[PDB]
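Listed next as structure tokens: two forms of one protein chain, kept apart as structure 1 and structure 2.
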Structure 1
């Protein structure tokens, strides 16, 4: 098995996890009854898929509408992530309060997760991959990469 073939089977494993929505290997951090972060409950190797930043994938026109509606209510939060993909502006809108864990992962300048665009049939997905080997029990912390 070549490196190219190993990368193909990895992408297929990520496709299956994205479309199944299963988010194993992680759990919510609780202080004072509030979901404040996410802890790894299993090892992750450098480059392994961790979780998707899940949300509605939309373009700028729909996004600017939602943003004006969201501004009227601070209870929403700022969860709209903008990015370029193949000379095209996209937005992942995770405003919606859900059980998904990707939007609960805290930022750190020296985190253990970084962002990456994962293509499925030409549709970009923002995923978090391990920027280094992660031990079980670590808080997951993301930076932009």
Structure 2
């Protein structure tokens, strides 16, 4: 239904670009409707003890930012750790208080996935910008 895109792992309709005056960002290359799946925030799904271990081990200054997103799913606390400098576009989508992408928890076979959903219609060539949807 929508699990198909998650399992796919494809990241279609977006590309990397220099936003002139902004620096790096992710750009829509196709039109999105409100409600459409945009992209997964891909990362290791881990419990909170492993998250504390990884956090303590990563050789990163906290001033450069954190890729570890905590959330609660079915009474349990999880972490999606995108620290690995992957080639996934989801973790390079920039933030904005008034974004065109909101976060959603999507469950497949009991496993939570952190995905971005279009919160409005988006034009080809627009910058994809996320907000914490809650």
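Residue numbers count along the first chain shown, from 1. So that the term is clear: the rigid core is the largest set of C-alpha atoms that superpose within 1.5 Å between two forms.
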Option from 120, 60, 30, 117 moving between structure 1 and structure 2, CA shift at or above 2 Å, rigid core reference: 30
field: Rigid-core frame, C-alpha of residue 76, shift of 2 angstroms or more between structure 1 and structure 2
entry: yes
field: C-alpha positional change at residue 19 between structure 1 and structure 2 - rigid core reference, Å
entry: 2.1
